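A structural walkthrough
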Amino acid sequence: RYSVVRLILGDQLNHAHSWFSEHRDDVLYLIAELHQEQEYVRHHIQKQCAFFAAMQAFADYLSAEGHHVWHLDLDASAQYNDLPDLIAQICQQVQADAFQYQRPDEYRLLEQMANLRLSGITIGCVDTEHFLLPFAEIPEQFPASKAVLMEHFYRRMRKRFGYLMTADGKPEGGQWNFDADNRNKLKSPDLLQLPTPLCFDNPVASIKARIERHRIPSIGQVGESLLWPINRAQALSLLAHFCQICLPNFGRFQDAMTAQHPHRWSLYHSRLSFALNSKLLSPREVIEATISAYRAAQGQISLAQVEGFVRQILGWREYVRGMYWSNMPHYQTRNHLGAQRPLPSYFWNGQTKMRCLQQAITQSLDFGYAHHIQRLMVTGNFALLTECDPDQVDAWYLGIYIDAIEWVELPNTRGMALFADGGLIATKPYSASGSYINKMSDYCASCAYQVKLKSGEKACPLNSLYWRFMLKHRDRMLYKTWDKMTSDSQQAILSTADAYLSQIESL
Ligand SMILES: Cc1cc2nc3c(=O)[nH]c(=O)nc-3n(C[C@H](O)[C@H](O)[C@H](O)COP(=O)(O)OP(=O)(O)OC[C@H]3O[C@@H](n4cnc5c(N)ncnc54)[C@H](O)[C@@H]3O)c2cc1C
Ligand SMILES: Cc1nc2c(=O)[nH]c(=O)nc-2n(C[C@H](O)[C@H](O)[C@H](O)CO)c1C
Ligand code: SF4
């Protein structure tokens, strides 16, 4: 039937992979929805729908290109016990002589494929041909258990790939990082000017029925249509919409949050993370499209916006991938601060009196997405200050977000947010009181708590929790604000924090 069998996973939808540059009738391509891939974490139903639709679209595109593709849905993959069983049975059925696959982007899948063994079949693993940094270079660029600085890696990447560089090898604009100009709050004139996010109309009724018929666990909600891009064409449309609509304001409101506007869930962000992680788009092409848009705008897009966007993909994404692949098997076990508190229940329903937490959790449950500052300084900050269990936080983050693959979820969550790796990524806890939220958002205007109150009834819980965290880990000018208080005020704040922790289920 077939001599070579190649496997395509759900996040390896690269239309430009070297595999498909060759048109061969002795090669059979395999894409399959997998119970085991739905069982290692409780995915968002939006994420499951998006991945299934994207896999079907990729299979259809490859078949239209002439390649032999066998797409197996849950109704056809249930007969096999797991992915190795599926691979072995299909290879034996087609009498294949060789099996090949692209290197997975999670440690569990990578180890599973590495330990896969087939009788009389040569096993091969090839690069996904997606990431800017080659996989083999990770050991040198990221020593194990080494607190690699993201700024130096980002500068090296900028020099290596020639992005935002002068003719004499210097950063464009006179400085490497423009984040200081990218910390503005959304005001009423800005809120009125918020653009309509680009949404797609992808029916998901059949996919949802298939998921429910197989009793696949899931979280979140979907209607009859999915707004997320499910193919390369829709991903390119989203990229163009970002470039011509949101890019002139992406940096300016990178850290902004709001509870007023109906489009508060998107703001000026790209929302291209799923397309990049599913590999429908490449980081190189996204970066170059944004740079070309910035150069064409003739000043309408300032250097800070394009630099802040290019940092997130060139430096942060590649750096997180490198740190993950250099430290993973032991990185998963790191609990530096000894956090063991169970995750509060409202993380699954959004029923909390804290406005920031309610907005972030409800947005994640309804859209399967939250922009970066939410994940870092609302949910991440709450989990860090409340000493929530890193395992449960990782499960929530890896499941509820459509763009969540462990290679990027684990460092950002365990290290950057929870400081559970000792600072190998963040180098400092991203701990904040309610003052940061009040400065960057309008949540405190709609909150039942008072952000100007630090202790007592109706005070913002973050104010007491942050100070309790800082005093608990004081041995590492911040504490000046603590040393400038009366002892009675300090004890009132600490007792308020303890009471809030005791009633954490009623916040
Ligand atoms: C606790 C925590 C968990 C996170 N988990 C994930 C995750 O599972 N998957 C994921 O893709 N991102 C994750 N991030 C990074 C960031 O939240 C998302 O990349 C972003 O919110 C996706 O929305 P966007 O495409 O509009 O991003 P934009 O604001 O439009 O940023 C542009 C692009 O930059 C990249 N990027 C930005 N920040 C990061 C980052 N910290 N690490 C890697 N790439 C980055 C993404 O590809 C993103 O599409 C996490 C961040 C935190 C603080
Ligand atoms: C929800 C989901 N479903 C599937 C699936 O049905 N089949 C598949 O091959 N992959 C799926 N994935 C992606 C993987 O679970 C995983 O995150 C990546 O393959 C890691 O590279 C995900 C995330
Ligand atoms: S007052 Fe405190 S709890 Fe309420 S929205 Fe502001 S930071 Fe969040």
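Going by the header, the method for this PDB entry is X-ray crystallography, and the resolution given is 2.5000 Å.

Turning to the nonpolar core, a few remarks are in order. Core analysis: the largest hydrophobic core is formed by 157 residues, its most contacted members being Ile8, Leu314 and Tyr319. It is helix α13 (residues 303-331) that provides the largest number of residues to this core, a total of 15 residues. The next biggest cluster of nonpolar side chains, apart from the first, holds 24 residues, and it includes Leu9, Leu30, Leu109 and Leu116.

Between its first and last C-alpha, helix α4 (residues 83-94) extends 16 Å over 12 residues, near the 16 Å set by a 1.5 Å rise per residue. For α4, every residue scored as buried is listed here: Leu83, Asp85, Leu86, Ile87, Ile90, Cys91 and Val94. You can read the cap of α4 off the contacts: a side-chain oxygen lies 3.1 Å from the backbone nitrogen of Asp85, and it is on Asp82. Two residues or fewer after α4 comes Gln95, characterised by a positive phi angle close to 55°.

This paragraph deals with the site of ligand 1. Taken together, 26 residues lie around ligand 1, and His269, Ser270, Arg271, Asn277 and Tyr369 are the ones closest in. Contact distances for ligand 1 include 2.7 Å between an oxygen atom and a backbone N or O atom of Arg271. The contact in question runs from an oxygen atom of ligand 1 to an N or O atom on the side chain of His372, over 3.3 Å. Where the shell around ligand 1 is concerned, the elements lending two or more residues are α11 (273-277), α13, α15 (372-385) and α17 (406-417). Sort the elements by how many residues they give to the shell around ligand 1 and α17 lands first, with five residues. When residues of the shell around ligand 1 are assigned to domains, at least three map to each of domain 2 (131-198 + 231-327) and domain 3 (328-448).

Rules behind the numbers
Residues numbered from 1 in each chain as written, not as in the entry; some residues may be left out. Chains lettered and ligands numbered in written order. Heavy atoms only, no water. Core = buried A, V, L, I, M, F, W, Y, C linked by side-chain atoms within 4.5 Å. Buried < 20%, exposed > 50% of the residue type's maximum accessible area, 1.4 Å probe, protein only. Helix = DSSP H or I, 4+ residues; strand = E, 2+ residues; numbered from the N terminus. Expected span 1.5 Å × (residues − 1). Polar contact = N/O pair within 3.5 Å; in protein donor to acceptor, adjacent residues only side chain to side chain. Near = heavy atom within 4 Å. Domains from an automatic or database assignment.

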